[PDB]
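Q: Got a file for you: final.txt, compact mmCIF, C-alpha atoms.
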```txt
# COMPACT_ATOMS: atom_id res chain seq x y z
CA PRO A 411 0.00 0.00 0.00
CA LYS A 412 -0.99 2.59 -1.02
CA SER A 413 0.15 2.21 -4.65
CA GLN A 414 -0.66 -1.51 -4.55
CA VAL A 415 -4.35 -1.30 -3.59
CA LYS A 416 -5.26 0.49 -6.85
CA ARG A 417 -2.91 -1.69 -8.91
CA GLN A 418 -4.89 -4.80 -7.90
CA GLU A 419 -8.35 -3.23 -8.03
CA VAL A 420 -7.52 -2.08 -11.56
CA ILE A 421 -5.96 -5.33 -12.68
CA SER A 422 -9.18 -6.82 -11.26
CA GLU A 423 -11.37 -4.43 -13.20
CA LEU A 424 -9.54 -5.31 -16.39
CA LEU A 425 -10.09 -9.04 -15.93
CA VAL A 426 -13.68 -8.79 -14.75
CA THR A 427 -14.79 -6.36 -17.47
CA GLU A 428 -12.94 -8.26 -20.19
CA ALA A 429 -14.91 -11.40 -19.24
CA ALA A 430 -18.17 -9.44 -19.23
CA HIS A 431 -17.31 -8.26 -22.73
CA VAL A 432 -16.66 -11.79 -23.98
CA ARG A 433 -20.00 -12.83 -22.59
CA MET A 434 -21.73 -9.95 -24.42
CA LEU A 435 -20.06 -10.69 -27.73
CA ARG A 436 -21.07 -14.35 -27.20
CA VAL A 437 -24.66 -13.34 -26.50
CA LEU A 438 -24.51 -11.17 -29.61
CA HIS A 439 -23.34 -14.21 -31.55
CA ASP A 440 -25.67 -16.84 -30.16
CA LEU A 441 -28.92 -14.93 -29.96
CA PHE A 442 -28.67 -12.63 -32.95
CA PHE A 443 -26.04 -13.29 -35.61
CA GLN A 444 -26.23 -17.08 -35.85
CA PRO A 445 -30.06 -17.26 -35.61
CA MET A 446 -30.47 -14.72 -38.43
CA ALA A 447 -27.95 -16.72 -40.43
CA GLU A 448 -29.93 -19.91 -40.01
CA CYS A 449 -33.18 -17.97 -40.71
CA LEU A 450 -31.79 -16.40 -43.86
CA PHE A 451 -33.14 -12.95 -43.16
CA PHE A 452 -30.15 -11.47 -45.06
CA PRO A 453 -27.96 -13.23 -47.56
CA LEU A 454 -24.71 -14.36 -45.89
CA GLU A 455 -22.55 -11.81 -47.75
CA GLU A 456 -24.56 -9.00 -46.06
CA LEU A 457 -24.76 -10.51 -42.60
CA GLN A 458 -20.97 -10.59 -42.75
CA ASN A 459 -21.07 -6.85 -43.30
CA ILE A 460 -23.47 -6.23 -40.46
CA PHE A 461 -21.20 -8.23 -38.08
CA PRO A 462 -17.77 -7.94 -39.75
CA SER A 463 -15.92 -10.58 -37.81
CA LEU A 464 -17.95 -11.62 -34.94
CA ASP A 465 -16.32 -15.08 -34.63
CA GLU A 466 -12.70 -13.97 -34.70
CA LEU A 467 -13.49 -10.89 -32.66
CA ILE A 468 -14.83 -13.18 -29.97
CA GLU A 469 -11.61 -15.18 -30.12
CA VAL A 470 -9.21 -12.19 -29.65
CA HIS A 471 -10.92 -11.11 -26.48
CA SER A 472 -11.25 -14.68 -25.28
CA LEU A 473 -7.59 -15.22 -25.84
CA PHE A 474 -6.80 -12.04 -23.87
CA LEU A 475 -9.18 -13.12 -21.12
CA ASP A 476 -7.50 -16.51 -21.04
CA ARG A 477 -4.01 -14.93 -20.55
CA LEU A 478 -5.21 -12.79 -17.65
CA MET A 479 -6.87 -15.70 -15.87
CA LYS A 480 -3.87 -17.98 -16.24
CA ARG A 481 -1.66 -15.17 -14.98
CA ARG A 482 -4.01 -14.48 -12.08
CA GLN A 483 -4.26 -18.20 -11.32
CA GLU A 484 -0.51 -18.45 -10.82
CA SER A 485 -0.16 -16.00 -7.88
CA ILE A 489 -0.33 -10.09 -8.92
CA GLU A 490 3.18 -8.80 -9.39
CA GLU A 491 4.10 -8.68 -13.12
CA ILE A 492 1.32 -8.22 -15.69
CA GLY A 493 3.06 -6.17 -18.38
CA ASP A 494 4.24 -9.09 -20.48
CA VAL A 495 0.61 -10.22 -20.69
CA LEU A 496 -0.75 -6.85 -21.85
CA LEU A 497 2.07 -6.63 -24.40
CA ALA A 498 1.18 -10.08 -25.71
CA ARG A 499 -2.06 -8.90 -27.20
CA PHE A 500 -1.65 -5.20 -27.78
CA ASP A 501 1.89 -5.05 -29.12
CA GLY A 502 3.83 -6.65 -31.95
CA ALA A 503 2.23 -9.23 -34.24
CA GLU A 504 -0.72 -10.14 -32.01
CA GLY A 505 -1.31 -6.38 -31.60
CA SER A 506 -1.67 -5.87 -35.32
CA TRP A 507 -4.13 -8.71 -35.42
CA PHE A 508 -6.26 -7.33 -32.60
CA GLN A 509 -6.26 -3.96 -34.32
CA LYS A 510 -7.12 -5.64 -37.65
CA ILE A 511 -10.08 -7.64 -36.34
CA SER A 512 -11.46 -5.17 -33.89
CA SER A 513 -11.34 -2.34 -36.38
CA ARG A 514 -13.15 -4.30 -39.12
CA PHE A 515 -16.05 -4.84 -36.76
CA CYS A 516 -16.15 -1.23 -35.56
CA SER A 517 -16.05 0.46 -38.94
CA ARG A 518 -19.36 -1.10 -39.86
CA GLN A 519 -21.19 -0.03 -36.71
CA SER A 520 -23.18 2.76 -38.39
CA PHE A 521 -23.87 0.52 -41.32
CA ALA A 522 -25.06 -2.34 -39.18
CA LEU A 523 -27.41 -0.12 -37.22
CA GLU A 524 -29.12 1.55 -40.16
CA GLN A 525 -29.15 -1.85 -41.92
CA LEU A 526 -30.84 -3.56 -38.99
CA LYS A 527 -33.26 -0.69 -38.32
CA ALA A 528 -34.39 -0.85 -41.96
CA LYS A 529 -35.17 -4.59 -41.87
CA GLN A 530 -36.98 -4.02 -38.59
CA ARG A 531 -39.22 -1.38 -40.14
CA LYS A 532 -39.82 -3.07 -43.53
CA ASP A 533 -40.26 -6.69 -42.43
CA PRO A 534 -42.59 -7.57 -39.60
CA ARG A 535 -41.11 -11.10 -39.32
CA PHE A 536 -37.68 -9.71 -38.54
CA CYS A 537 -39.00 -7.19 -35.97
CA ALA A 538 -40.75 -9.94 -34.05
CA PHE A 539 -37.53 -11.98 -34.21
CA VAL A 540 -35.49 -9.19 -32.68
CA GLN A 541 -38.23 -8.24 -30.24
CA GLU A 542 -38.18 -11.81 -29.01
CA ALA A 543 -34.42 -12.23 -28.77
CA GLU A 544 -33.95 -8.93 -26.96
CA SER A 545 -36.35 -10.34 -24.36
CA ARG A 546 -34.06 -13.25 -23.47
CA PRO A 547 -32.55 -13.10 -19.95
CA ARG A 548 -29.03 -13.64 -21.40
CA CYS A 549 -29.31 -10.12 -22.88
CA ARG A 550 -28.99 -8.49 -19.48
CA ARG A 551 -31.46 -5.69 -20.25
CA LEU A 552 -29.46 -4.56 -23.33
CA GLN A 553 -30.94 -4.11 -26.80
CA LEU A 554 -29.38 -5.17 -30.05
CA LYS A 555 -28.77 -1.48 -30.67
CA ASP A 556 -26.86 -1.28 -27.37
CA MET A 557 -24.70 -4.29 -27.99
CA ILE A 558 -23.13 -3.53 -31.35
CA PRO A 559 -21.43 -0.35 -30.16
CA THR A 560 -19.68 -2.09 -27.28
CA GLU A 561 -16.63 -3.21 -29.18
CA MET A 562 -15.88 0.50 -29.61
CA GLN A 563 -16.56 1.41 -25.95
CA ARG A 564 -14.23 -1.38 -24.96
CA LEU A 565 -11.29 -0.11 -27.06
CA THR A 566 -11.62 3.27 -25.32
CA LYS A 567 -11.52 1.82 -21.82
CA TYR A 568 -8.22 0.07 -22.52
CA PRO A 569 -5.93 3.07 -22.21
CA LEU A 570 -7.92 4.37 -19.21
CA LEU A 571 -7.39 1.06 -17.42
CA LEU A 572 -3.86 0.41 -18.54
CA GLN A 573 -2.84 4.06 -17.89
CA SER A 574 -3.62 3.68 -14.17
CA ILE A 575 -1.99 0.28 -13.87
CA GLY A 576 1.17 1.98 -15.10
CA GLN A 577 1.10 5.10 -12.93
CA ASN A 578 0.64 2.72 -10.01
CA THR A 579 3.65 0.46 -10.69
CA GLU A 580 6.54 0.81 -8.23
CA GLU A 581 8.98 -1.25 -10.26
CA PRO A 582 10.75 0.50 -13.21
CA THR A 583 11.27 -2.32 -15.79
CA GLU A 584 7.63 -3.47 -15.32
CA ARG A 585 6.16 0.05 -15.37
CA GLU A 586 7.87 0.52 -18.74
CA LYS A 587 6.06 -2.57 -20.06
CA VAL A 588 2.61 -1.49 -18.91
CA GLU A 589 3.36 2.04 -20.15
CA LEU A 590 4.20 0.85 -23.68
CA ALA A 591 1.22 -1.54 -23.61
CA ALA A 592 -1.07 1.38 -22.81
CA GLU A 593 0.65 3.29 -25.58
CA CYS A 594 -0.36 0.57 -28.03
CA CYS A 595 -3.92 0.83 -26.83
CA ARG A 596 -3.86 4.52 -27.76
CA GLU A 597 -2.30 3.74 -31.16
CA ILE A 598 -5.02 1.12 -31.63
CA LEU A 599 -7.85 3.48 -30.64
CA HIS A 600 -6.45 6.10 -32.94
CA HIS A 601 -6.25 3.69 -35.89
CA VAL A 602 -9.76 2.41 -35.23
CA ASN A 603 -11.42 5.80 -34.95
CA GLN A 604 -9.81 6.67 -38.30
CA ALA A 605 -10.93 3.61 -40.28
CA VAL A 606 -14.35 4.15 -38.70
CA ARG A 607 -14.55 7.62 -40.26
CA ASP A 608 -12.98 6.23 -43.42
CA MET A 609 -15.84 3.75 -43.65
CA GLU A 610 -18.64 6.16 -42.88
CA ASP A 611 -17.24 8.46 -45.60
CA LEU A 612 -16.56 5.75 -48.15
CA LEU A 613 -20.05 4.19 -47.92
CA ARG A 614 -21.53 7.62 -48.09
CA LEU A 615 -19.47 8.74 -51.09
CA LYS A 616 -20.05 5.46 -52.91
CA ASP A 617 -23.75 6.17 -52.53
CA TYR A 618 -23.40 9.58 -54.13
CA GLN A 619 -21.01 8.35 -56.87
CA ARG A 620 -23.59 5.93 -58.32
CA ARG A 621 -26.29 8.58 -57.81
CA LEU A 622 -24.29 11.26 -59.61
CA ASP A 623 -25.66 12.66 -62.91
CA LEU A 624 -22.52 13.25 -65.02
CA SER A 625 -23.96 13.83 -68.56
CA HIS A 626 -23.57 17.65 -68.28
CA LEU A 627 -19.75 17.52 -68.06
CA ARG A 628 -19.40 14.68 -70.63
CA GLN A 629 -20.97 17.23 -73.02
CA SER A 630 -19.54 20.83 -72.80
CA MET A 634 -13.00 23.71 -70.12
CA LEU A 635 -13.96 21.22 -67.34
CA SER A 636 -13.07 18.02 -69.24
CA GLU A 637 -10.80 17.13 -66.33
CA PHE A 638 -13.79 15.64 -64.44
CA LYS A 639 -15.81 13.80 -67.13
CA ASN A 640 -15.89 10.97 -65.55
CA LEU A 641 -15.33 12.44 -62.04
CA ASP A 642 -14.73 9.79 -59.37
CA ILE A 643 -15.35 10.74 -55.74
CA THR A 644 -15.26 7.44 -53.81
CA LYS A 645 -11.57 7.90 -52.87
CA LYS A 646 -11.84 11.44 -51.54
CA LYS A 647 -12.17 12.80 -48.04
CA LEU A 648 -15.50 14.28 -47.18
CA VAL A 649 -14.65 17.33 -45.05
CA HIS A 650 -18.25 18.52 -44.83
CA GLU A 651 -21.68 18.48 -46.50
CA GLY A 652 -25.02 20.30 -46.20
CA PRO A 653 -28.22 21.80 -47.66
CA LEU A 654 -27.82 25.27 -49.11
CA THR A 655 -29.50 27.86 -51.28
CA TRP A 656 -27.39 29.21 -54.11
CA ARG A 657 -28.23 32.61 -55.61
CA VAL A 658 -27.30 32.30 -59.21
CA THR A 659 -28.61 35.90 -59.78
CA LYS A 660 -30.92 38.52 -58.27
CA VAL A 664 -31.48 27.28 -56.87
CA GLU A 665 -31.67 24.60 -54.12
CA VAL A 666 -28.45 22.66 -53.85
CA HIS A 667 -26.58 20.01 -51.82
CA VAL A 668 -22.92 21.01 -51.40
CA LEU A 669 -20.07 18.62 -50.62
CA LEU A 670 -16.87 20.08 -49.40
CA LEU A 671 -14.21 17.55 -50.27
CA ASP A 672 -10.51 17.72 -49.39
CA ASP A 673 -9.86 19.66 -52.66
CA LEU A 674 -13.11 20.13 -54.64
CA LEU A 675 -16.29 21.87 -53.95
CA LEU A 676 -19.33 20.29 -55.66
CA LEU A 677 -22.73 21.98 -55.84
CA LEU A 678 -25.15 19.15 -56.53
CA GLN A 679 -28.76 19.65 -57.65
CA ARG A 680 -31.28 17.29 -56.08
CA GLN A 681 -33.68 15.90 -58.72
CA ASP A 682 -35.28 12.71 -57.37
CA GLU A 683 -32.65 10.03 -56.42
CA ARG A 684 -30.10 11.54 -58.83
CA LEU A 685 -27.61 14.34 -58.08
CA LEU A 686 -27.11 16.68 -61.07
CA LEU A 687 -24.05 18.93 -61.44
CA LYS A 688 -25.73 21.62 -63.54
CA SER A 689 -23.05 24.01 -64.82
CA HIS A 690 -25.53 26.90 -64.68
CA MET A 703 -21.66 30.18 -67.38
CA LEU A 704 -21.11 29.14 -63.68
CA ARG A 705 -19.40 25.85 -62.88
CA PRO A 706 -20.83 23.33 -60.38
CA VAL A 707 -17.40 21.75 -59.75
CA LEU A 708 -14.71 23.98 -58.15
CA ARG A 709 -11.02 23.30 -57.35
CA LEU A 710 -10.41 24.75 -53.85
CA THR A 711 -6.74 25.77 -54.11
CA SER A 712 -7.67 29.38 -54.98
CA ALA A 713 -11.01 29.53 -53.09
CA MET A 714 -11.82 32.26 -50.57
CA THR A 715 -14.89 33.38 -48.59
CA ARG A 716 -16.54 36.69 -47.62
CA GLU A 717 -19.62 37.71 -45.62
CA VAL A 718 -22.54 39.36 -47.38
CA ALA A 719 -23.34 42.70 -45.70
CA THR A 720 -27.04 42.70 -46.64
CA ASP A 721 -27.83 39.12 -45.56
CA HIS A 722 -26.21 37.64 -42.43
CA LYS A 723 -27.20 34.16 -43.64
CA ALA A 724 -25.38 34.49 -46.99
CA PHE A 725 -21.69 34.34 -47.99
CA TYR A 726 -19.53 34.71 -51.15
CA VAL A 727 -16.92 32.25 -52.54
CA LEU A 728 -14.32 33.35 -55.08
CA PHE A 729 -11.58 31.56 -56.98
CA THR A 730 -8.39 33.64 -57.48
CA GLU A 734 -11.63 34.78 -63.69
CA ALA A 735 -13.99 35.77 -60.86
CA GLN A 736 -16.22 33.76 -60.34
CA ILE A 737 -18.65 34.69 -57.54
CA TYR A 738 -20.78 32.03 -55.83
CA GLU A 739 -23.38 33.42 -53.45
CA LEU A 740 -24.56 30.73 -51.06
CA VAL A 741 -27.20 31.37 -48.41
CA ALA A 742 -27.63 29.10 -45.37
CA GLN A 743 -30.76 28.53 -43.21
CA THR A 744 -29.04 30.12 -40.22
CA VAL A 745 -26.16 32.50 -39.38
CA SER A 746 -24.14 29.99 -37.34
CA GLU A 747 -24.40 27.54 -40.23
CA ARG A 748 -22.86 29.93 -42.79
CA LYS A 749 -20.30 31.13 -40.21
CA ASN A 750 -19.27 27.50 -39.86
CA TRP A 751 -19.28 26.99 -43.64
CA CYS A 752 -16.82 29.84 -44.37
CA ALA A 753 -14.59 28.63 -41.56
CA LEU A 754 -14.52 25.10 -43.00
CA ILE A 755 -13.86 26.12 -46.62
CA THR A 756 -11.08 28.66 -45.81
CA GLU A 757 -9.53 25.97 -43.57
CA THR A 758 -9.55 23.30 -46.30
CA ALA A 759 -8.46 25.56 -49.10
CA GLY A 760 -5.65 26.67 -46.73
CA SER A 761 -4.90 22.95 -45.97
CA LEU A 762 -3.72 22.74 -49.62
CA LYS A 763 -0.15 23.21 -50.86
CA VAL A 764 0.63 25.68 -53.68
CA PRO A 765 2.54 24.30 -56.73
```
Now, as a test, write the supplied structure out as structure tokens.
A:
Amino acid sequence: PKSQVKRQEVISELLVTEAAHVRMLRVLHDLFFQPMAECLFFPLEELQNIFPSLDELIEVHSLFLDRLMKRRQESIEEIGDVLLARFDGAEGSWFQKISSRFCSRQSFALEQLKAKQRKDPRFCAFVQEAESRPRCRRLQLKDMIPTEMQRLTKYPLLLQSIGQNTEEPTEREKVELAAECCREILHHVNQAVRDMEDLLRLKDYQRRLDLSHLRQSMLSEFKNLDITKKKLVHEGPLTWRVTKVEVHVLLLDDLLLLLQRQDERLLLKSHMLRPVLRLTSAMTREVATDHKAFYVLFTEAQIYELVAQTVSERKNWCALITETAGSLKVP
């Protein structure tokens, strides 16, 4: 004591809560994923995209849990080598690989499952009835899926305070690095989560695009414009005063697109004024007589007047564009 009390209560919390997690994932597998596989509610391809690696994800946490129990069983001085055995090196890259696949598809899964619940009464009853099983522990399917994420974020918290509570230098260094890996892991995961949300979103738009305006007319650089491999910085509804037009703007990492919304499709109507805009000369200004409107200019001028629904919106918009344009290196 006093360092030691926390060090054991926290090594205990790690074990206990890691087990609890492996039981959840197993409930998720047994009551939901496998049943819907046997019931062929979705084709298998798709179910594998709702739950991107449930089986192997179960195994990585179970293997971790197993290491901690064995180590506990044989005593808790020295735990660093254990931590390092699943968060660092080769096994670390695997844990990152598997965990991140599952997490990326969280948003997908949830909208995907909510849809089948609303469209198909047979599926809603199925879920209703599984969520009512004692083994669920008062959680809903919608509560379970996002736990793999929540877990990942508790790892540095837990490992951080096992470190700061270790009296012995060569062991503290082990736990410290281990916790470092957990931060590297969380950072990588968060990123490929946003890379998935973006990708799926941009893929949607890219097949919904209405390109025939550019294929026809300058501009022949995007004919043929592909946006699936671009970073979506921001998007939003917006009114676009073409003189004294309702539009959906996407601010990408280098282009600004002003898309017209005509049923499912998204038309880039070049209406003397272009609808595609390279940002590396962009610039914004307020409009004095309209606190909801701003100008955008590209240094043969070239003035795009875009009015928002509120002030704070358009304030935000100008900030984001000038930031992104600025983000871009001058050749």
Q: Quick one: of A:527, A:740, A:475, A:714, who's nearest to residue 760 (chain A), counting all atoms listed in the file?
A: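 Among the listed residues, the smallest separation from residue 760 (chain A) belongs to A:714.
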Q: Could you give me, as a tab-separated table, a per-residue list for region 461-528 of chain A showing, wherever an atom lies at most 8 Å from an atom of region 559-573 of chain A, the closest pair of atoms and their distance in Å to one decimal, using only C-alpha atoms and sorting by chain then residue number from low to high?
A:
```
residue	atom	partner	partner_atom	distance
A:512	CA	A:561	CA	7.3
A:515	CA	A:561	CA	7.8
A:516	CA	A:562	CA	6.2
A:519	CA	A:559	CA	6.6
```
Q: Choose the residue, out of A:446, A:501, A:518, A:482, that has the smallest atom-to-atom separation from residue 461 (chain A); count all atoms listed in the file.
A: A:518
Q: Hey, which of A:754, A:742, A:437, A:426 ends up closest to residue 546 (chain A)? Count all atoms listed in the file.
A: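 Under the stated criterion, the closest residue is A:437.
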Q: With only C-alpha atoms as the counted atoms, please give the residues lying no more than 10 Å from region 581-594 of chain A, apart from itself and same-chain residues fewer than 3 positions off, as number ranges by chain.
A: A: 490-502, 505-506, 509, 568-578, 597-600
Q: Using all atoms listed in the file, which of the listed residues (A:547, A:637, A:718, A:554) sits closest to residue 530 (chain A)?
A: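 Looking at the shortest contact to residue 530 (chain A), the residue is A:554.
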Q: Using all atoms listed in the file, which of the listed residues (A:684, A:514, A:555, A:417) sits closest to residue 438 (chain A)?
A: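 Nearest candidate to residue 438 (chain A) out of A:684, A:514, A:555, A:417: A:555.
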Q: Tell me which protein, DNA and RNA residues are within 8 Å of residue 673 (chain A), counting only C-alpha atoms, leaving out same-chain ones fewer than 6 positions away, and put them as a PyMOL selection string.
A: chain A and resi 709-711+758-759+762
Q: For the selection just defined, write its residues with C-alpha atoms to a file, as a PDB file, in the coordinates of the input.
A:
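Writing done, so here's part-v5.pdb:
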```pdb
ATOM      1  CA  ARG A 709     -11.020  23.300 -57.350  1.00  0.00           C
ATOM      2  CA  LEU A 710     -10.410  24.750 -53.850  1.00  0.00           C
ATOM      3  CA  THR A 711      -6.740  25.770 -54.110  1.00  0.00           C
ATOM      4  CA  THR A 758      -9.550  23.300 -46.300  1.00  0.00           C
ATOM      5  CA  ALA A 759      -8.460  25.560 -49.100  1.00  0.00           C
ATOM      6  CA  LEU A 762      -3.720  22.740 -49.620  1.00  0.00           C
TER       7      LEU A 762
END
```
Q: Using only C-alpha atoms, which protein or nucleic acid residues come within 6 Å of residue 671 (chain A)? Drop anything in the same chain fewer than 3 positions from it, and give the result as a PyMOL selection string.
A: chain A and resi 647-649+674
Q: When distances are computed from all atoms listed in the file, which of A:602, A:479, A:449, A:470 shows the smallest separation from residue 513 (chain A)?
A: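 Using all atoms listed in the file, the shortest distance to residue 513 (chain A) belongs to A:602.
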Q: One decimal, Å: what's the distance from CA of residue 428 (chain A) over to CA of residue 557 (chain A), could you say?
A: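 Atom-to-atom, CA of residue 428 (chain A) and CA of residue 557 (chain A) are spaced 14.7 Å apart.
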Q: Applying 10 Å and all atoms listed in the file, which residues near residue 644 (chain A) remain after dropping the ones on its own chain fewer than 5 positions away? List them as a ChimeraX atom specification.
A: /A:611-620
Q: Which protein, DNA or RNA residues have an atom at most 7 Å from (5.6, -2.3, -3.3), counting only C-alpha atoms? List them as a PyMOL selection string.
A: chain A and resi 411+414+580
